[PDB]
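The next block holds one structure in the form of structure tokens; read it before the comments.
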Amino acid sequence: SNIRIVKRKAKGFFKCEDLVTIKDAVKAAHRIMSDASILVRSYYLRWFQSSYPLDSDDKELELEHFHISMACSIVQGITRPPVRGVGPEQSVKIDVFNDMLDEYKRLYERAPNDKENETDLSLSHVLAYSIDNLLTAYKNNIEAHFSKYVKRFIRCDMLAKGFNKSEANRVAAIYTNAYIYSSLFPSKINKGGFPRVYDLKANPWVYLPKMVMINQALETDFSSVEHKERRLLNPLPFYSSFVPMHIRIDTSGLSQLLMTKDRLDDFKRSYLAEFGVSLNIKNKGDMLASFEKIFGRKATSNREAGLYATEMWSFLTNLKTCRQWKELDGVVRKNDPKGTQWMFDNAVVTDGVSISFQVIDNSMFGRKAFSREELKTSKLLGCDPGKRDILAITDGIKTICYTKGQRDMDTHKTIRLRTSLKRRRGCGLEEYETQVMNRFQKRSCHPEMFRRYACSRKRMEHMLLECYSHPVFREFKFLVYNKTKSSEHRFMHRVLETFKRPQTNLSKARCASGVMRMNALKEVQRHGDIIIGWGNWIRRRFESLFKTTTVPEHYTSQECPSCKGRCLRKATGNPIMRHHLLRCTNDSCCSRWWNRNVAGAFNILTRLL
RNA sequence: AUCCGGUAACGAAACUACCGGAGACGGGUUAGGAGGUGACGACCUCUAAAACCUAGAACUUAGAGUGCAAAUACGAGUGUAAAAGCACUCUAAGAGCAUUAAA
Ligand SMILES: [Zn+2]
């Protein structure tokens, strides 16, 4: 199906009287989720010491959906398991609640208190979607960063054994290629002979214990290794940021928040008068009943049911009487070949400052089902995606780069940091956050080190949340998104004007050949008439205005256009070995001075030609 | 304090130096422009804002328009009688979120 999102400010969307409830709901959601994540993280660490190496008669611990749900109940002070019924399958899961409950007592050094976290509002339903995001986070972190752990462990070992820090990466790469394509890998799972990549995607939980072991050794085993090389990772993600996070609100969730039995009667009377049908609702919880019993008759089609959801939002929100409704009232973009029509999807995501609207295709609205010759005339350009500079563009006679500093100035980097320090320093919390908490780095995986950090934060949790609850922090969170487009769009506009006119010089770039001059003199007047090369190593928005192509990156930083062989290496022969100075290693070269951007970008463009 | 461009010492740097332009989130609070002598200044008026305070808005780029701010001479050496910037309407091209995280 087709799904799209629209992001706008939340001002005016909610009614004035109901605005207070929404604001307070966000605070409770962040506190419960943040505390729950720490409790879950601590529990898993204890399981690591329970059995390692793993036994052959038991399966690895995999976190299920109800694990996080029980954790939230413990935080709120629930005294008994939420499990319903008795059966062989629930024999083990029932006892797990007691173990987790005991762990919560062990984490803190004081008697648990219930009302320090409970809230009178019934915000249980909202927490349902927040759990899903955390669960999916573990899979993404394990699969993506697994290869990084392997290289670092081998890299640290080489450094410890006295081997030079230059060949350590090469040695690690050789081992990594063989195993991927001694104790850092398990036995091959798939019997079909496929590479280990398929095995990694088969299940991420199997490899999670291995990463935990790697981190523990890195903290203490490699004492002599330099601090810079020992960059600790976070195999177990957890919500550490104190800033409130976003939440998802649906029709069922919205009713549980704002609807009340006394106020419910007003909705029933309004619906009956305006539609002539009386709802079969007698209590607040009856609003979640199936469509069959709501009216006593069944809908003729799936799209009919969707219309019911839309009207519910109108009563509790100014959906059709707000400024933002202009872009959601069946607006069709000018450049859609299919002429698709979109409408509100009865879903809202907000954090109290910014609101994101979910809009789906009209054709699929309701109950969804289960789920070449242009190169001759076009002007050619190449790119060399580096690290210091996000992107670089060359044409054989001049170069332009999108430096990291350019984005920093556009995003108001200095102001954001300046404002944050001053506001926090007013309450005196700066010393505790930096001087104290820095001694107990959160990325540590040992139970003892983590326990010290966990209890320390709990003591100052009340003060920290109030200080970080100021909207100023969230305002900057929206500012970066708004300014991100401006920084990227302006650079793309500069690209057109940079090469719109024929180059005014023909001899400054001595390395330029006859072919380079022929392409430079070409005149362009449209965005789509320019073709920009790209490499395997931001491209989402660039392709929307300019056509792109892929070029191999093999040996693109050593080859030279007018030499018998590779001649590019780091500059030598001077007392100072500067950061990015490059000098040719032979006199038979068109140019003796080179830099990272021009040296690599020029070769990429040459291959395209 | 930083970004961009040029200049040499064979498309050279976080210092090898110099020169010409941008910019410091929103609101209240300071110095610059224009005008009762569009001569300077004597006296006032419209806009605007670095340091400080503060629970506080906004979909993005190229261009086209409208709409703003009012109070030297004649004569019998002599008396006196449009800029910075901002707001709105348009055209063209775009328009999917929440987070974990790093060489
Ligand atoms: Zn060469």
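Numbered per full-length UniProt numbering, the first sequence spans residues 2 to 182, 204 to 393, 415 to 580, 599 to 670.
Built from N, CA and C at the ideal position, the CB exists for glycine as well.
Thinking just about the alpha-carbon of each residue, which of the options is nearest to the one in residue i?
i	options	result
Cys628	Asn302, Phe317 and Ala660	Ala660
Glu491	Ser167, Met101 and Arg47	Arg47
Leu508	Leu20, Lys10, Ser35 and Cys17	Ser35
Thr610	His513, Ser550, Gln619 and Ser421	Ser421
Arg345	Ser2, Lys10 and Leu642	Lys10
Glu18	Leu338, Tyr261 and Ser92	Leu338
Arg111	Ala497, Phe98 and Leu122	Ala497
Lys419	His615, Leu670 and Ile458	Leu670
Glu620	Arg657, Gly576, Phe14 and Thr177	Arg657
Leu276	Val151, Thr22, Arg253 and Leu564	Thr22
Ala129	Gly163, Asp272, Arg355 and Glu476	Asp272
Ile6	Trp364, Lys166 and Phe147	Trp364
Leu564	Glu63, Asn324 and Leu423	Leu423
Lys166	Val151, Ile75, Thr617 and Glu248	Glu248
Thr343	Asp56, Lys16, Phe207 and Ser2	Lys16
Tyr293	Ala331, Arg81, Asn237 and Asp572	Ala331
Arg533	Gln449, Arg32, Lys116 and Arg81	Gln449
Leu472	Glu504, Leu643, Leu20 and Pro113	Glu504
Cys624	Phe603, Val612 and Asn647	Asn647
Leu460	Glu417, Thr617, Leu434 and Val523	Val523
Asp451	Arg431, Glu474 and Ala435	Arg431
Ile574	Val538, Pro545, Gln546 and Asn548	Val538
Would you say residue i and residue j are within 8 Å of each other, going by their C-beta atoms?
i	j	result
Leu255	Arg482	no
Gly425	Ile665	yes
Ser376	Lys28	no
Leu160	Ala173	no
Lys290	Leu301	yes
residue 676	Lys501	The shown model of the chain, from 2 to 670, leaves out residue 676, and the question about it has no answer.
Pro231	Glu144	no
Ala26	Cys73	no
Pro266	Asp373	yes
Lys306	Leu286	yes
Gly78	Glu104	no
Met281	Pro257	no
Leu206	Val228	no
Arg553	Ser649	no
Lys608	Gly571	yes
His126	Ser245	no
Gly13	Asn340	yes
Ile599	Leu434	yes
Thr667	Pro622	yes
With a 10 Å radius around its C-beta and 16 neighbouring C-beta atoms as the bar for buried, classify residue i as buried or exposed.
i	result
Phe154	buried
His640	exposed
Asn141	exposed
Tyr180	exposed
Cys470	exposed
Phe392	exposed
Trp655	buried
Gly88	exposed
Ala311	exposed
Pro359	exposed
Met334	buried
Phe387	buried
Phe493	buried
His536	exposed
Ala239	exposed
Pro428	buried
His66	exposed
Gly298	exposed
*Can we say the region 437-446 touches the region 546-563, given the rule of at least three CB pairs closer than 8 Å?*
yes
*Under a criterion of Cβ closer than 6 Å to any non-hydrogen atom of ligand 1, which residues qualify, in chain order?*
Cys621, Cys624, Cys628, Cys645 and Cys650
*If you pair each beta-carbon of the region 508-523 with each one of the region 465-476, do three or more pairs fall below 8 Å?*
yes
*May I ask you to verify whether the region 309-320 touches the region 354-371, counting CB pairs closer than 8 Å and requiring at least 3?*
no
*Please confirm if the region 515-529 is in contact with the region 377-388, defined as three or more CB-CB distances below 8 Å between the two stretches.*
no
*Would you check if there are 3 or more beta carbon pairs closer than 8 Å linking the region 122-138 to the region 211-225?*
no
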